[PDB]
């Protein structure tokens, strides 16, 4: 009754919504709709309007002032000009004199022109008028976000061990490599729960295999690590290698489980393994078949996974390759200088993630063929769903760690997201930061960035400041591209500073897990923009480098190089808290208003709100060893905090026994 659905044309059913809403009849409530040039919604914003939403997209929390295109793409360079990243999250809220929310349930290229062409004009457009548009009324943005979280279904809930720290690198390939990562953290008493396994752990990049030479006794090595509270988290990619005798390949061909060209041939895309086929993620039998394959790893004691390249990413097709080799031949013997090297270079680039490739294959949805570009943004979503739904068939009682690169609203039910291939840039700390509340609005709460920066070479101080933000993000992992400077914590001087920052994480795990569980079970946000908590404060609403977490604290990470502190704005009196390197916890009461606060490199800051407190455990080196029986309570005297806690493994969430009231 607070939300309505306006259907246009004959929309593909994306299954984003868990709740069935009936079709409205009245004219569209806001702005103007047009079908002349495909589809277009146009709305004139008031000058003070703020625009929230779009989950994992570029730029700031207030999306006004640029162009965002929902079209999942494998782009490893996240600069301010980019209009499309990995995610398609078609939820926005207009917040101001007139406030309302909009969800565009449409699975293809969707363009959000938010004040880019004209400052006061918001224009959302697509090629085909086949979509549902949900209008969500409410008092304010926050109320609107909660109604939306309601109808998209509960967010994915990870096992507790996943709130620990994790370390990965594109390049770990042997037992020796993993044993050295283990030794490096454990011997230095740096806390850690997870080590990620990247594509080198497979036999020639074949999904659902393990390198036979390097891991001849894999179940035994997995237990070797698990005995140390180190859980190996292996990657699975979208592309299944074309290879005779490889069982996943044979089965997909034989049973027509792969995406096909119009002529019914299995479509070929080059990725890490060379030529591959894509499983048909939109076909239920194909999804079930692919998901069940996870059994092969779970049977060996693996308790979590990550999916990459699920846009799906294409290095080139067979068609593109031939086109490029042909153009190259021309260039090769162009004596007249009619073919310039930049044309040769543009062609080589053009065959990567080519829009024309996305037009070359089809999904078989219950007998009916649909051309992939028409449902492009659903591929990653349905690949993750394949996995989620298999975990439930395989072990219904157990929580698995699961997250993916590309996504669509609806996938938030089956796994988290990481923010993809960022860079070792200071601007990416703030990018990681600003994406958080937006991802929360779209149901994606288990999320984080590659700490230290995935691409390029990091520095000791950059890695330390990344980690201090990572302290607060449910996914906290250090991951690095191949060829980059090594960025495990033990690669730098004065390693005690890394132990100090990660200790802060573990000491906060009971509290952070608690807020996440509370938020997930009540369709609420784990991170909130300040405006959500302080609607009446015209200064607060425009703050973009601070976030509220739960109902107790605010975070404000340092993201400028060489800085020894930062400016903050406090909408209410708060206690400025710092996790000090000696293990202590400094406290200072600061009043409402502007402040500059000192935050050294080896110090982790946060603020505790007036009349609140939070529990803080003593430092432990893994999640299982954290002591929750007697932890200190930091914050305001006389206040109380409701701690959610369960076994962190199963799905028994209701029980009154999961809650205890702590009182300072």
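Positions refer to the first chain, counted from 1.
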Between 363-371 and 80-88, the record assigns the higher mean Cα B factor to 363-371
As the entry reports it, the stretch among 53-61 and 27-35 with higher mean C-alpha B factor is 27-35
Based on the PDB entry, the highest CA temperature factor among the options 292, 198, 350, 251 is that of 350
When the entry's CA B-factors for 325, 338, 231, 241 are compared, the highest one belongs to 338
Of the three thirds of Cα B-factor ranks in this chain, residue 651 occupies the middle
Sorting the chain's modelled residues by C-alpha B-factor and splitting them into thirds places residue 494 in the highest
Residue 193: C-alpha B-factor third of its chain, per the entry, is the middle
For residue 453, the third of its chain by CA B-factor is the lowest
Of the three thirds of the chain ranked by Cα temperature factor, residue 428 occupies the lowest
